[PDB]
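To keep things clear, I will list the structure first and then write my remarks on it.
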Amino acid sequence: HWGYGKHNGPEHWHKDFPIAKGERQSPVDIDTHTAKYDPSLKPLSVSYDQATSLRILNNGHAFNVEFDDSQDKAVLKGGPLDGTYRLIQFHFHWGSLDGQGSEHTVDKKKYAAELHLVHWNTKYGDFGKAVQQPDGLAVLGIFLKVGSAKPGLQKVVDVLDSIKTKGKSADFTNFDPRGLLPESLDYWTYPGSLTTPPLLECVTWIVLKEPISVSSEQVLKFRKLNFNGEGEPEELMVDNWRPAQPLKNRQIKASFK
Ligand SMILES: [Hg+2]
Ligand SMILES: [Zn+2]
């Protein structure tokens, strides 16, 4: 199946998922000089105070921190969004070296990693129904750069040891996602898709301008995970990012002057 290697990586995805070459694929390069400030965007609202994390899973492509989304707890709203989107999981994409790993780019600059907080539109009732709609998802994207440590990330970092290989999971309750947010909520927004197969075009992307800093030691532990399952030949989990795709007929809007 799909992966990030030479025989099954992003250049191969289109054969099983033809939408890979579609009209609103993600990620994209964010050209700051073409993006336009949009005075019509309402303030963004990130309400994660009642968030309930449940588990962490190595799914063979990245690791997912999963949240109880059976009630309106952790929600994203305002900004370009209409209605309420509920947090279902977060995950990251990173590189083998600090000069690469993010999916979106900013004037071609690649960050060391990128965090995705995935949310689904509550008017569609469940995630699986939301991903059959053009406005079913909202993903909050946050860049990571290497510098000082991010305190809020350490509990994540500490448990990776226990989910080294594909298919392993650990209990991961009471984690507070607010500790992964930067100070500013200034963002760029555009309509796009999920960046892993099946690459569904159901997402309103909200990419924060301000990156968070994580330590070299923290990112280094991400690089010790495995894409393979227990007992198989070790293939480090690194470079699990899709590169920038064609912007096509899309405009990127800025929330800030
Ligand atoms: Hg996978
Ligand atoms: Zn992602």
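By order of appearance in the structure tokens: chains A, B, ..., then residues from 1 within every chain, and ligands from 1 in the order shown.
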Protein and nucleic acid residues within 12 Å of ligand 2 (only C-alpha atoms and all ligand atoms) as a CSV table (one decimal) with C-alpha atoms, in the first residue's frame:
```
chain,number,residue,atom,x,y,z
A,26,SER,CA,-3.2,19.9,-0.4
A,27,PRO,CA,-0.6,21.0,0.7
A,61,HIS,CA,2.4,6.6,8.5
A,62,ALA,CA,2.4,8.9,11.6
A,63,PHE,CA,1.0,8.8,15.1
A,64,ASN,CA,-2.6,10.0,15.9
A,65,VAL,CA,-3.7,11.4,19.3
A,89,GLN,CA,-7.5,13.8,16.3
A,90,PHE,CA,-4.2,15.4,15.8
A,91,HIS,CA,-1.0,14.2,14.2
A,92,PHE,CA,2.3,15.5,12.7
A,93,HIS,CA,4.4,15.3,9.6
A,94,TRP,CA,8.2,15.7,10.0
A,101,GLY,CA,9.2,18.0,7.2
A,102,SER,CA,6.4,20.5,6.8
A,103,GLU,CA,3.7,19.9,4.2
A,104,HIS,CA,2.6,23.5,3.6
A,113,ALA,CA,7.5,19.7,11.1
A,114,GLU,CA,3.8,20.4,10.8
A,115,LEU,CA,0.9,19.7,13.3
A,116,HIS,CA,-2.6,19.0,12.0
A,117,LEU,CA,-5.6,19.3,14.3
A,118,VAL,CA,-8.4,17.6,12.4
A,119,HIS,CA,-12.0,18.6,13.0
A,138,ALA,CA,-11.5,22.0,9.1
A,139,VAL,CA,-7.9,21.4,9.8
A,140,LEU,CA,-5.8,23.7,12.0
A,141,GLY,CA,-2.2,23.6,10.8
A,142,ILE,CA,0.8,24.7,12.9
A,143,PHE,CA,4.4,24.8,11.9
A,193,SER,CA,-7.9,18.3,1.1
A,194,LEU,CA,-6.5,15.7,3.4
A,195,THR,CA,-2.8,15.2,2.6
A,196,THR,CA,-2.8,11.4,3.0
A,197,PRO,CA,-4.8,8.9,0.9
A,199,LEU,CA,-6.9,12.6,-0.2
A,203,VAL,CA,-11.1,20.5,4.1
A,205,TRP,CA,-7.4,24.8,5.8
A,207,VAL,CA,-2.7,27.5,8.7
A,240,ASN,CA,6.2,11.5,6.1
A,241,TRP,CA,5.1,14.7,4.3
A,242,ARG,CA,3.5,15.3,1.0
A,243,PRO,CA,5.1,18.1,-1.0
```
Long-range neighbours of residue A:180 as a VMD selection string, 9 Å cut-off, only C-alpha atoms, 6 positions minimum in chain: chain A and resid 115 142 150 to 153 212
Within 8 Å of ligand 1 (counting only C-alpha atoms and all ligand atoms), which residues show up? I'd like them as a ChimeraX atom specification. /A:2-3,59-62,166,227
Which neighbours of residue A:254 fall inside 8 Å, counting only C-alpha atoms, when residues of the same chain fewer than 5 positions from it are skipped, and could you give them as a PyMOL selection string? chain A and resi 35-38+186-189
What's the 10 Å shell around residue A:108, counting only C-alpha atoms, without same-chain residues fewer than 2 positions away, as a PyMOL selection string? chain A and resi 28-32+104-106+110-111+244
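Of the residues listed (A:121, A:165, A:154, A:25), A:165 shows the shortest atom-to-atom separation from residue A:231; distances use only C-alpha atoms.
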